[PDB]
Number of protein chains: 2
Amino acid sequence: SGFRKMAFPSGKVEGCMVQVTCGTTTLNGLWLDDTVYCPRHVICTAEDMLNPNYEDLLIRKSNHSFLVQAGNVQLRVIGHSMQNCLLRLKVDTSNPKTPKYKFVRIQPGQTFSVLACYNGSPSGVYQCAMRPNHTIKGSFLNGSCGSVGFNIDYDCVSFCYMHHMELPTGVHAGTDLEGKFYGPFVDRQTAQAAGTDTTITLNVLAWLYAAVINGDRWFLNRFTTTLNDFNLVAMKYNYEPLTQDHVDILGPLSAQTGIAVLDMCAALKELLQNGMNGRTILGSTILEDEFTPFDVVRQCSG
Amino acid sequence: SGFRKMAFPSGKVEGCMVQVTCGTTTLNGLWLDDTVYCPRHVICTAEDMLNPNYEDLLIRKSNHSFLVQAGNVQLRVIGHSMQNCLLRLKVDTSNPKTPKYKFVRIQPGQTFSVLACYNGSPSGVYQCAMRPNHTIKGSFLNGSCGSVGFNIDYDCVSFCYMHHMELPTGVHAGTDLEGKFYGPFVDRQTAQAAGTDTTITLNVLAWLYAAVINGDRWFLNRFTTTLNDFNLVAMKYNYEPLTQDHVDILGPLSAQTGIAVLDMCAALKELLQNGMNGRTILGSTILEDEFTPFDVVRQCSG
Ligand SMILES: *[C@H](CC(=O)OCC)[C@H](C[C@@H]1CCNC1=O)NC(=O)[C@H](CC#C)n1cccc(NC(=O)c2cc(C)on2)c1=O
Ligand SMILES: *[C@H](CC(=O)OCC)[C@H](C[C@@H]1CCNC1=O)NC(=O)[C@H](CC#C)n1cccc(NC(=O)c2cc(C)on2)c1=O
């Protein structure tokens, strides 16, 4: 019945994306009740990037210094504070399109949809995963900062990402909605590097479980193996190692397909060794690891 | 700055997705002003699939025979007609969340976002392209029919797709919002086949133009070639042939990168002949053809 990388619907978040300008510099922010969250680097000038004192740069501002527009209509600011790497700006008006929501801090290999925005307007939406090295392989132009990542859960919106910046390799770094960065990164134009990235092993498996449910069984083999043998191979190929928790978590997809997590791992193990022979799994010629167990069922079961 | 497959934001459409039940059978429909469009096969029973008389099956129904719920609140039906392969159901109430909109009939290789829905609720959103053989490689479970495809253009929503059914290969068929199918397909459980599929040549190019703007130039070469030589190779590899219109259309990305459409085609030509040597373009190990010229700029320029 098909397997696509698919995002959550964006409407609920769309109604929360306001424009924040401070002096000249203009980026997106998130409007939940009478707060507007945006990156603190909104207060920076082109120079205040190599080495900026935020606490200081900010002590040189007031509520009226910041301009917040919903589509075209300004919100009057009445409070402005620093929340780690964000600004928490109080506003005269509380958002009428504010959904049920929570702020969460996703673990690496966990996924979220990004809503890419410019001057407060949403430009598009795509799925991605939080890398082990604590990065994102997003698509983000200049003015994209403030753009958010989120998981929906019925009518509840869980915010997990706000975009701050791009790193050397061409990869993206940002923070939770508590303004606390992901990985060891800082809001400055210094030379910072993402660590070496591993492959999210659990996700790769879930993706085979999905290939199977989608009638794609070629790479299946008879061989089994122990978590122990498999972990030795995983290290070679820079795969994140498998914890029994992970195998328990694949239980539902395991039972659902009548393939034992460890039988599947044996199939993977082989693929890591025996290439793919220019075949395709679900149409991919590489091992997709941006799909959680949860992603897989949700799509393949309701 | 990154290149992702990204959908348009779904909010505008989200507010248009109602549940339509007729007897037992329950699928999604689209609520624009006081009309509800849904597939006509809503009126079918499990048996009325191999060979159903719709005009007849429908002549055996009235306005109250159909149940339309917005989230949970019923819309009173006051008119029910057949619009080719859709139903046009009139309702007591006009939709308060109806956007500016038009109904268009995209050409093959043109793309749209799909909003996958179940019992009137949106489940997720993904980009795809209308294949040359007039199919879609979507992800669609049972109850997904009624789900729509669309292009946004500032605040205007252009509807181009409604989902009717799956075909042998694992591919998806449906219609425009005039109820007129795409390709030679019919709303019946007969054996219908998609033609052989070609590769959307223009899109493959735009995707290299994007790889280039995203600092990915390895596959570039010195060789040029004429539209004529390139078309001969295209046929071999089941690529859709290049019309000068197509090359004119790549003009903006051409100028934008200082690579001449025909210089780029020469690079492609080579790739079709000289594999990829297990390299990646924009991280893909195959030639991506689900990206229009227009898709490419929009993402890489605002
Ligand atoms: C924020 C955009 C925004 O809205 O703010 C301006 C109004 C951007 C997002 C970037 C632009 C390109 N791609 C992105 O993801 N972030 C920045 O530009 C940050 C600002 C902060 C903090 N920033 C500032 C200065 C330099 C850099 N870049 C690098 O450090 C860097 C080094 C290498 C190599 O590649 N990038 C940066 O992200
Ligand atoms: C519509 C789902 C819906 O909401 O209607 C039921 C309430 C589905 C969408 C399908 C389900 C699985 N994947 C999809 O994209 N469409 C149908 O099930 C249609 C109905 C019509 C018209 N339909 C009916 C009967 C058979 C088939 N399938 C095939 O013809 C077929 C043959 C092979 C091989 O694979 N599929 C069908 O789509």
# chains A, B, ... in the order shown; residues from 1 in each chain; ligands from 1
call {"tool": "interface_residues", "arguments": {"of": "chain B", "to": "chain A", "cutoff": "8 Å", "atoms": "only C-alpha atoms", "output": "short mmCIF file (atom, residue, chain, number, x, y, z; two decimals) with N, CA, C and O atoms, in the first residue's frame"}}
result
data_model
loop_
_atom_site.label_atom_id
_atom_site.label_comp_id
_atom_site.auth_asym_id
_atom_site.auth_seq_id
_atom_site.Cartn_x
_atom_site.Cartn_y
_atom_site.Cartn_z
N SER B 1 22.75 24.44 1.98
CA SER B 1 21.71 24.74 3.01
C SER B 1 20.68 23.62 3.09
O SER B 1 19.76 23.74 3.91
N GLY B 2 20.84 22.57 2.29
CA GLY B 2 20.04 21.34 2.38
C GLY B 2 19.05 21.23 1.25
O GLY B 2 18.59 22.28 0.76
N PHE B 3 18.76 20.00 0.85
CA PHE B 3 17.71 19.66 -0.14
C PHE B 3 16.93 18.44 0.33
O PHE B 3 17.45 17.30 0.34
N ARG B 4 15.68 18.70 0.72
CA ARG B 4 14.72 17.69 1.20
C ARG B 4 13.55 17.63 0.21
O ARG B 4 13.26 18.66 -0.40
N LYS B 5 12.94 16.46 0.04
CA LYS B 5 11.56 16.34 -0.50
C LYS B 5 10.64 17.04 0.51
O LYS B 5 10.56 16.53 1.66
N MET B 6 10.03 18.18 0.17
CA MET B 6 9.15 18.84 1.16
C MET B 6 7.77 19.16 0.58
O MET B 6 7.69 19.60 -0.58
N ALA B 7 6.73 18.91 1.37
CA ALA B 7 5.32 19.19 1.05
C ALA B 7 5.01 20.64 1.38
O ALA B 7 5.76 21.22 2.19
N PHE B 8 3.93 21.17 0.79
CA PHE B 8 3.30 22.45 1.17
C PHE B 8 2.67 22.28 2.55
O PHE B 8 2.33 21.18 2.93
N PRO B 9 2.49 23.36 3.35
CA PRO B 9 1.84 23.23 4.65
C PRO B 9 0.36 22.85 4.43
O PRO B 9 -0.22 23.35 3.48
N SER B 10 -0.21 22.01 5.31
CA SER B 10 -1.50 21.31 5.07
C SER B 10 -2.72 22.02 5.68
O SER B 10 -3.85 21.66 5.28
N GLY B 11 -2.52 22.93 6.65
CA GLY B 11 -3.59 23.58 7.43
C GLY B 11 -4.83 23.88 6.61
O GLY B 11 -5.89 23.33 6.91
N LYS B 12 -4.70 24.71 5.58
CA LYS B 12 -5.80 25.15 4.68
C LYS B 12 -6.66 23.96 4.25
O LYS B 12 -7.90 24.12 4.20
N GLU B 14 -6.44 20.64 5.71
CA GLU B 14 -6.84 20.04 7.01
C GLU B 14 -8.27 20.50 7.37
O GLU B 14 -9.12 19.66 7.66
N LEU B 115 -2.34 14.87 1.26
CA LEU B 115 -2.72 14.82 2.69
C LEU B 115 -3.50 13.52 2.88
O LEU B 115 -4.63 13.38 2.36
N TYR B 118 -7.92 9.54 7.19
CA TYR B 118 -8.75 8.40 7.63
C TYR B 118 -9.85 8.95 8.53
O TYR B 118 -9.56 9.86 9.32
N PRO B 122 -6.71 14.01 9.21
CA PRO B 122 -5.47 13.92 8.45
C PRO B 122 -4.46 13.11 9.26
O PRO B 122 -4.37 13.29 10.45
N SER B 123 -3.78 12.21 8.58
CA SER B 123 -2.82 11.25 9.18
C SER B 123 -1.38 11.65 8.86
O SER B 123 -0.51 11.40 9.71
N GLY B 124 -1.13 12.26 7.70
CA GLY B 124 0.21 12.77 7.34
C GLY B 124 0.23 13.37 5.96
O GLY B 124 -0.81 13.33 5.28
N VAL B 125 1.38 13.91 5.55
CA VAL B 125 1.50 14.69 4.30
C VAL B 125 2.85 14.38 3.65
O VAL B 125 3.87 14.31 4.36
N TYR B 126 2.85 14.18 2.34
CA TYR B 126 4.09 13.87 1.59
C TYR B 126 3.96 14.37 0.17
O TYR B 126 2.85 14.45 -0.37
N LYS B 137 3.20 7.14 -6.83
CA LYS B 137 3.82 6.19 -5.87
C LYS B 137 3.56 6.81 -4.50
O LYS B 137 4.42 7.51 -3.97
N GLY B 138 2.32 6.64 -4.03
CA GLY B 138 1.85 7.14 -2.73
C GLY B 138 2.01 6.07 -1.66
O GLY B 138 2.59 5.00 -1.97
N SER B 139 1.55 6.38 -0.46
CA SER B 139 1.37 5.44 0.68
C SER B 139 -0.07 5.62 1.19
O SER B 139 -0.41 6.73 1.67
N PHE B 140 -0.90 4.58 1.04
CA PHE B 140 -2.37 4.68 1.15
C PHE B 140 -2.93 3.36 1.63
O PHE B 140 -2.83 2.36 0.89
N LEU B 141 -3.54 3.37 2.81
CA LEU B 141 -4.21 2.19 3.39
C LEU B 141 -5.67 2.22 3.01
O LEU B 141 -6.10 3.21 2.42
N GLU B 166 -5.63 1.50 -5.69
CA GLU B 166 -4.28 0.91 -5.87
C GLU B 166 -4.30 0.00 -7.10
O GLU B 166 -5.36 -0.61 -7.36
N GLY B 170 1.66 -1.83 -7.10
CA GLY B 170 1.75 -1.21 -5.76
C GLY B 170 1.63 0.31 -5.85
O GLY B 170 2.09 1.02 -4.93
N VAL B 171 1.01 0.77 -6.93
CA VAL B 171 0.92 2.21 -7.31
C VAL B 171 -0.54 2.64 -7.30
O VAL B 171 -1.44 1.78 -7.31
N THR B 285 21.43 7.65 -4.46
CA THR B 285 22.34 6.71 -5.19
C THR B 285 21.71 6.38 -6.55
O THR B 285 22.33 5.64 -7.34
N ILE B 286 20.52 6.93 -6.79
CA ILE B 286 19.73 6.85 -8.06
C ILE B 286 19.42 8.28 -8.51
O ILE B 286 19.65 9.23 -7.73
N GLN B 299 12.42 26.08 -3.00
CA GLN B 299 13.22 25.56 -1.86
C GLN B 299 14.57 26.25 -1.74
O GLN B 299 15.01 26.45 -0.59
N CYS B 300 15.25 26.51 -2.87
CA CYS B 300 16.67 26.96 -2.91
C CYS B 300 16.74 28.50 -3.00
O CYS B 300 17.86 29.05 -2.98
N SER B 301 15.57 29.15 -3.04
CA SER B 301 15.40 30.63 -3.20
C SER B 301 14.04 31.04 -2.62
O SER B 301 13.11 31.28 -3.42
N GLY B 302 13.94 31.10 -1.29
CA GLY B 302 12.78 31.62 -0.54
C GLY B 302 11.73 30.55 -0.25
O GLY B 302 10.56 30.84 0.04
#
call {"tool": "closest_atom_pairs", "arguments": {"of": "segment 121-232 of chain A", "to": "segment 248-260 of chain A", "cutoff": "8 Å", "atoms": "only C-alpha atoms", "output": "Markdown table"}}
result
| residue | atom | partner | partner_atom | distance |
| --- | --- | --- | --- | --- |
| A:202 | CA | A:250 | CA | 8.0 |
| A:206 | CA | A:250 | CA | 7.0 |
| A:209 | CA | A:253 | CA | 6.4 |
| A:212 | CA | A:257 | CA | 7.2 |
| A:213 | CA | A:257 | CA | 6.7 |
call {"tool": "write_last_selection", "arguments": {"atoms": "C-alpha atoms", "output": "short mmCIF file (atom, residue, chain, number, x, y, z; two decimals), in the first residue's frame"}}
result
data_model
loop_
_atom_site.label_atom_id
_atom_site.label_comp_id
_atom_site.auth_asym_id
_atom_site.auth_seq_id
_atom_site.Cartn_x
_atom_site.Cartn_y
_atom_site.Cartn_z
CA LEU A 202 16.74 0.42 15.43
CA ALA A 206 11.84 -0.96 11.58
CA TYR A 209 9.92 -4.63 8.98
CA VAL A 212 8.38 -6.81 4.64
CA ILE A 213 4.78 -5.59 5.41
#
call {"tool": "residues_around", "arguments": {"residues": "residue 67 of chain A", "least_positions_apart": "6", "cutoff": "7 Å", "atoms": "only C-alpha atoms", "output": "JSON, numbers by chain"}}
result
{"A": [20, 21, 22]}
call {"tool": "write_last_selection", "arguments": {"atoms": "N, CA and C atoms", "output": "mmCIF file, in the first residue's frame"}}
result
data_model
loop_
_atom_site.group_PDB
_atom_site.id
_atom_site.type_symbol
_atom_site.label_atom_id
_atom_site.label_comp_id
_atom_site.auth_asym_id
_atom_site.auth_seq_id
_atom_site.Cartn_x
_atom_site.Cartn_y
_atom_site.Cartn_z
ATOM 1 N N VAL A 20 9.320 37.940 13.658
ATOM 2 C CA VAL A 20 10.022 38.703 14.729
ATOM 3 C C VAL A 20 11.161 39.449 14.060
ATOM 4 N N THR A 21 11.098 40.781 14.051
ATOM 5 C CA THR A 21 12.204 41.660 13.589
ATOM 6 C C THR A 21 12.725 42.419 14.812
ATOM 7 N N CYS A 22 14.049 42.552 14.938
ATOM 8 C CA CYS A 22 14.740 43.349 15.992
ATOM 9 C C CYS A 22 15.861 44.170 15.352
#
call {"tool": "atom_distance", "arguments": {"atom1": "atom CA of residue 104 of chain B", "atom2": "atom CA of residue 293 of chain B"}}
result
18.9 Å
call {"tool": "residues_around", "arguments": {"residues": "residue 220 of chain B", "least_positions_apart": "3", "cutoff": "8 Å", "atoms": "only C-alpha atoms", "output": "ChimeraX atom specification"}}
result
/B:217,264,267
call {"tool": "write_last_selection", "arguments": {"atoms": "N, CA and C atoms", "output": "PDB file, in the first residue's frame"}}
result
ATOM      1  N   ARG B 217      29.076  18.946  -7.283  1.00  0.00           N
ATOM      2  CA  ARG B 217      29.433  19.210  -8.708  1.00  0.00           C
ATOM      3  C   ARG B 217      30.245  18.055  -9.322  1.00  0.00           C
ATOM      4  N   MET B 264      24.643  20.518 -18.818  1.00  0.00           N
ATOM      5  CA  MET B 264      24.082  19.657 -17.747  1.00  0.00           C
ATOM      6  C   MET B 264      23.606  18.335 -18.358  1.00  0.00           C
ATOM      7  N   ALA B 267      26.310  15.946 -18.841  1.00  0.00           N
ATOM      8  CA  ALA B 267      26.652  15.368 -17.514  1.00  0.00           C
ATOM      9  C   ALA B 267      25.713  14.194 -17.222  1.00  0.00           C
TER      10      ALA B 267
END
call {"tool": "select_by_dssp", "arguments": {"residues": "segment 24-197 of chain B", "states": "strand (DSSP E or B)", "output": "PyMOL selection string"}}
result
chain B and resi 25-32+35-39+66-70+73-75+77-83+86-91+101-103+108+110-118+121-129+136+148-153+156-167+171-175+181
call {"tool": "write_last_selection", "arguments": {"atoms": "C-alpha atoms", "output": "PDB file, in the first residue's frame"}}
result
ATOM      1  CA  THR B  25     -18.559   1.985   3.775  1.00  0.00           C
ATOM      2  CA  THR B  26     -16.661   5.023   5.226  1.00  0.00           C
ATOM      3  CA  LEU B  27     -14.047   7.228   3.402  1.00  0.00           C
ATOM      4  CA  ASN B  28     -12.764  10.878   3.365  1.00  0.00           C
ATOM      5  CA  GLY B  29     -14.284  13.830   1.438  1.00  0.00           C
ATOM      6  CA  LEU B  30     -13.459  17.506   0.719  1.00  0.00           C
ATOM      7  CA  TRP B  31     -15.781  20.301   1.989  1.00  0.00           C
ATOM      8  CA  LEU B  32     -15.530  23.534  -0.095  1.00  0.00           C
ATOM      9  CA  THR B  35     -20.354  21.140  -1.490  1.00  0.00           C
ATOM     10  CA  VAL B  36     -18.740  17.860  -0.287  1.00  0.00           C
ATOM     11  CA  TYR B  37     -16.731  15.977  -2.989  1.00  0.00           C
ATOM     12  CA  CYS B  38     -15.860  12.284  -2.317  1.00  0.00           C
ATOM     13  CA  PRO B  39     -15.301   9.202  -4.522  1.00  0.00           C
ATOM     14  CA  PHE B  66     -25.136   9.545   3.252  1.00  0.00           C
ATOM     15  CA  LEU B  67     -23.611  10.568   6.650  1.00  0.00           C
ATOM     16  CA  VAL B  68     -21.125  13.549   6.652  1.00  0.00           C
ATOM     17  CA  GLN B  69     -19.358  14.443   9.964  1.00  0.00           C
ATOM     18  CA  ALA B  70     -16.870  17.306  10.621  1.00  0.00           C
ATOM     19  CA  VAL B  73     -20.642  17.180  14.069  1.00  0.00           C
ATOM     20  CA  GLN B  74     -22.955  15.953  11.195  1.00  0.00           C
ATOM     21  CA  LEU B  75     -23.635  18.021   8.054  1.00  0.00           C
ATOM     22  CA  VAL B  77     -27.155  16.626   3.062  1.00  0.00           C
ATOM     23  CA  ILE B  78     -29.760  18.412   0.795  1.00  0.00           C
ATOM     24  CA  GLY B  79     -28.510  17.410  -2.706  1.00  0.00           C
ATOM     25  CA  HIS B  80     -26.574  14.396  -4.097  1.00  0.00           C
ATOM     26  CA  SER B  81     -25.360  14.088  -7.734  1.00  0.00           C
ATOM     27  CA  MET B  82     -22.694  12.193  -9.766  1.00  0.00           C
ATOM     28  CA  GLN B  83     -19.798  14.308 -11.168  1.00  0.00           C
ATOM     29  CA  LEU B  86     -17.120  11.732  -7.730  1.00  0.00           C
ATOM     30  CA  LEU B  87     -20.246  12.580  -5.758  1.00  0.00           C
ATOM     31  CA  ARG B  88     -21.188  16.267  -5.368  1.00  0.00           C
ATOM     32  CA  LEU B  89     -23.245  16.324  -2.097  1.00  0.00           C
ATOM     33  CA  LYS B  90     -24.966  19.655  -1.201  1.00  0.00           C
ATOM     34  CA  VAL B  91     -25.037  20.445   2.572  1.00  0.00           C
ATOM     35  CA  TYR B 101      -9.093  27.691  -4.192  1.00  0.00           C
ATOM     36  CA  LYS B 102      -9.175  26.396  -7.768  1.00  0.00           C
ATOM     37  CA  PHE B 103      -9.486  22.908  -9.364  1.00  0.00           C
ATOM     38  CA  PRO B 108       2.470  14.182 -15.690  1.00  0.00           C
ATOM     39  CA  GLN B 110       4.144  17.955 -12.276  1.00  0.00           C
ATOM     40  CA  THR B 111       4.130  17.427  -8.450  1.00  0.00           C
ATOM     41  CA  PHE B 112       1.642  17.949  -5.592  1.00  0.00           C
ATOM     42  CA  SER B 113       1.520  17.325  -1.821  1.00  0.00           C
ATOM     43  CA  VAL B 114      -0.884  14.542  -0.640  1.00  0.00           C
ATOM     44  CA  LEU B 115      -2.719  14.818   2.689  1.00  0.00           C
ATOM     45  CA  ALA B 116      -3.389  11.194   3.718  1.00  0.00           C
ATOM     46  CA  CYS B 117      -6.614  10.993   5.803  1.00  0.00           C
ATOM     47  CA  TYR B 118      -8.746   8.400   7.630  1.00  0.00           C
ATOM     48  CA  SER B 121      -8.859  13.153  10.095  1.00  0.00           C
ATOM     49  CA  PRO B 122      -5.472  13.918   8.448  1.00  0.00           C
ATOM     50  CA  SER B 123      -2.823  11.248   9.182  1.00  0.00           C
ATOM     51  CA  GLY B 124       0.208  12.772   7.345  1.00  0.00           C
ATOM     52  CA  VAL B 125       1.498  14.693   4.297  1.00  0.00           C
ATOM     53  CA  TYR B 126       4.091  13.866   1.590  1.00  0.00           C
ATOM     54  CA  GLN B 127       5.210  15.165  -1.813  1.00  0.00           C
ATOM     55  CA  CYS B 128       4.931  13.111  -4.981  1.00  0.00           C
ATOM     56  CA  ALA B 129       4.864  13.405  -8.782  1.00  0.00           C
ATOM     57  CA  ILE B 136       1.375   7.992  -8.209  1.00  0.00           C
ATOM     58  CA  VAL B 148      -6.429  14.829  -1.808  1.00  0.00           C
ATOM     59  CA  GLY B 149      -3.347  16.193  -3.595  1.00  0.00           C
ATOM     60  CA  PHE B 150      -2.800  19.943  -3.959  1.00  0.00           C
ATOM     61  CA  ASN B 151      -0.409  22.820  -4.739  1.00  0.00           C
ATOM     62  CA  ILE B 152      -0.469  26.060  -2.671  1.00  0.00           C
ATOM     63  CA  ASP B 153       0.271  29.449  -4.342  1.00  0.00           C
ATOM     64  CA  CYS B 156      -4.661  29.991  -3.003  1.00  0.00           C
ATOM     65  CA  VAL B 157      -5.032  26.157  -2.787  1.00  0.00           C
ATOM     66  CA  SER B 158      -5.012  24.311  -6.142  1.00  0.00           C
ATOM     67  CA  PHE B 159      -6.663  20.841  -5.837  1.00  0.00           C
ATOM     68  CA  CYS B 160      -5.392  18.323  -8.468  1.00  0.00           C
ATOM     69  CA  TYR B 161      -5.916  14.795  -6.946  1.00  0.00           C
ATOM     70  CA  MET B 162      -8.467  12.673  -5.094  1.00  0.00           C
ATOM     71  CA  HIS B 163      -7.432   9.043  -4.293  1.00  0.00           C
ATOM     72  CA  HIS B 164      -9.602   6.214  -5.674  1.00  0.00           C
ATOM     73  CA  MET B 165      -7.479   3.037  -5.775  1.00  0.00           C
ATOM     74  CA  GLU B 166      -4.277   0.911  -5.872  1.00  0.00           C
ATOM     75  CA  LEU B 167      -3.035  -0.874  -9.042  1.00  0.00           C
ATOM     76  CA  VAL B 171       0.919   2.207  -7.310  1.00  0.00           C
ATOM     77  CA  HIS B 172      -1.996   4.583  -6.854  1.00  0.00           C
ATOM     78  CA  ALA B 173      -4.696   5.952  -9.205  1.00  0.00           C
ATOM     79  CA  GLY B 174      -7.367   8.647  -8.701  1.00  0.00           C
ATOM     80  CA  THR B 175      -8.909  11.740 -10.311  1.00  0.00           C
ATOM     81  CA  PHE B 181      -9.520   9.953 -13.741  1.00  0.00           C
TER      82      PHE B 181
END
call {"tool": "atom_distance", "arguments": {"atom1": "atom CA of residue 41 of chain A", "atom2": "atom 34 (C, counted along the ligand's line) of ligand 1"}}
result
18.0 Å
call {"tool": "select_by_dssp", "arguments": {"residues": "segment 47-269 of chain B", "states": "helix (DSSP H, G or I)", "output": "PyMOL selection string"}}
result
chain B and resi 54-59+63-65+201-213+227-236+244-249+251-257+261-269
call {"tool": "residues_around", "arguments": {"residues": "residue 238 of chain B", "least_positions_apart": "2", "cutoff": "10 Å", "atoms": "only C-alpha atoms", "output": "PyMOL selection string"}}
result
chain B and resi 196-201+233-236+240-241
call {"tool": "write_last_selection", "arguments": {"atoms": "N, CA, C and O atoms", "output": "PDB file, in the first residue's frame"}}
result
ATOM      1  N   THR B 196       4.016   1.054 -19.064  1.00  0.00           N
ATOM      2  CA  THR B 196       5.437   1.096 -18.637  1.00  0.00           C
ATOM      3  C   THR B 196       5.715   2.548 -18.253  1.00  0.00           C
ATOM      4  O   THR B 196       5.179   3.458 -18.925  1.00  0.00           O
ATOM      5  N   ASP B 197       6.488   2.750 -17.194  1.00  0.00           N
ATOM      6  CA  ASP B 197       6.776   4.114 -16.696  1.00  0.00           C
ATOM      7  C   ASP B 197       8.124   4.576 -17.267  1.00  0.00           C
ATOM      8  O   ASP B 197       9.078   3.769 -17.330  1.00  0.00           O
ATOM      9  N   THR B 198       8.181   5.832 -17.695  1.00  0.00           N
ATOM     10  CA  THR B 198       9.443   6.499 -18.080  1.00  0.00           C
ATOM     11  C   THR B 198       9.915   7.368 -16.899  1.00  0.00           C
ATOM     12  O   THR B 198       9.170   7.487 -15.908  1.00  0.00           O
ATOM     13  N   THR B 199      11.145   7.887 -16.980  1.00  0.00           N
ATOM     14  CA  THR B 199      11.779   8.802 -15.994  1.00  0.00           C
ATOM     15  C   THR B 199      11.537  10.239 -16.464  1.00  0.00           C
ATOM     16  O   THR B 199      11.819  10.510 -17.636  1.00  0.00           O
ATOM     17  N   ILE B 200      11.036  11.121 -15.594  1.00  0.00           N
ATOM     18  CA  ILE B 200      10.721  12.541 -15.944  1.00  0.00           C
ATOM     19  C   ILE B 200      12.044  13.301 -16.115  1.00  0.00           C
ATOM     20  O   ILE B 200      12.636  13.754 -15.112  1.00  0.00           O
ATOM     21  N   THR B 201      12.495  13.429 -17.357  1.00  0.00           N
ATOM     22  CA  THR B 201      13.867  13.878 -17.690  1.00  0.00           C
ATOM     23  C   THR B 201      14.108  15.258 -17.082  1.00  0.00           C
ATOM     24  O   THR B 201      15.160  15.447 -16.427  1.00  0.00           O
ATOM     25  N   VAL B 233      19.978   8.769 -26.364  1.00  0.00           N
ATOM     26  CA  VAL B 233      20.407   8.054 -25.124  1.00  0.00           C
ATOM     27  C   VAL B 233      19.178   7.883 -24.220  1.00  0.00           C
ATOM     28  O   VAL B 233      18.923   6.741 -23.796  1.00  0.00           O
ATOM     29  N   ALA B 234      18.428   8.967 -23.985  1.00  0.00           N
ATOM     30  CA  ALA B 234      17.167   9.007 -23.201  1.00  0.00           C
ATOM     31  C   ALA B 234      16.277   7.802 -23.522  1.00  0.00           C
ATOM     32  O   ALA B 234      15.793   7.152 -22.578  1.00  0.00           O
ATOM     33  N   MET B 235      16.055   7.527 -24.806  1.00  0.00           N
ATOM     34  CA  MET B 235      15.213   6.382 -25.243  1.00  0.00           C
ATOM     35  C   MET B 235      15.759   5.082 -24.648  1.00  0.00           C
ATOM     36  O   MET B 235      14.978   4.357 -23.997  1.00  0.00           O
ATOM     37  N   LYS B 236      17.045   4.802 -24.857  1.00  0.00           N
ATOM     38  CA  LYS B 236      17.687   3.583 -24.303  1.00  0.00           C
ATOM     39  C   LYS B 236      17.196   3.378 -22.870  1.00  0.00           C
ATOM     40  O   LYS B 236      16.619   2.323 -22.596  1.00  0.00           O
ATOM     41  N   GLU B 240      11.921   9.991 -20.494  1.00  0.00           N
ATOM     42  CA  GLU B 240      11.048  10.919 -21.274  1.00  0.00           C
ATOM     43  C   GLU B 240      11.949  11.828 -22.112  1.00  0.00           C
ATOM     44  O   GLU B 240      12.951  12.329 -21.620  1.00  0.00           O
ATOM     45  N   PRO B 241      11.674  12.035 -23.417  1.00  0.00           N
ATOM     46  CA  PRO B 241      12.538  12.858 -24.267  1.00  0.00           C
ATOM     47  C   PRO B 241      12.445  14.363 -23.999  1.00  0.00           C
ATOM     48  O   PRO B 241      11.430  14.806 -23.506  1.00  0.00           O
TER      49      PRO B 241
END
call {"tool": "closest_residue", "arguments": {"among": "B:109, B:146, B:120, B:76", "to": "residue 42 of chain B", "atoms": "only C-alpha atoms"}}
result
B:146
call {"tool": "closest_residue", "arguments": {"among": "B:19, B:24, B:189, B:107", "to": "ligand 2", "atoms": "only C-alpha atoms and all ligand atoms"}}
result
B:189
call {"tool": "closest_residue", "arguments": {"among": "B:130, B:193, B:59, B:210", "to": "ligand 2", "atoms": "only C-alpha atoms and all ligand atoms"}}
result
B:193
call {"tool": "residues_around", "arguments": {"residues": "residue 268 of chain B", "least_positions_apart": "2", "cutoff": "12 Å", "atoms": "only C-alpha atoms", "output": "PyMOL selection string"}}
result
chain B and resi 201-209+217-225+230-231+233-234+237+239+261-266+270-276+281+286-288
call {"tool": "atom_distance", "arguments": {"atom1": "atom CA of residue 187 of chain B", "atom2": "atom 2 (C, counted along the ligand's line) of ligand 2"}}
result
11.2 Å
call {"tool": "decode", "arguments": {"residues": "segment 14-19 of chain B", "atoms": "N, CA and C atoms", "output": "compact mmCIF listing (two decimals), in the first residue's frame"}}
result
# COMPACT_ATOMS: atom_id res chain seq x y z
N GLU B 14 -6.44 20.64 5.71
CA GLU B 14 -6.84 20.04 7.01
C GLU B 14 -8.27 20.50 7.37
N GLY B 15 -8.54 21.80 7.32
CA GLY B 15 -9.86 22.35 7.67
C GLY B 15 -10.93 22.01 6.65
N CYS B 16 -10.62 21.20 5.62
CA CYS B 16 -11.62 20.85 4.57
C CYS B 16 -11.93 19.36 4.55
N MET B 17 -11.41 18.57 5.49
CA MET B 17 -11.46 17.08 5.41
C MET B 17 -12.55 16.56 6.34
N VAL B 18 -13.66 16.15 5.74
CA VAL B 18 -14.84 15.61 6.45
C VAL B 18 -14.90 14.10 6.21
N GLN B 19 -15.59 13.41 7.11
CA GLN B 19 -15.88 11.96 7.00
C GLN B 19 -17.18 11.77 6.23
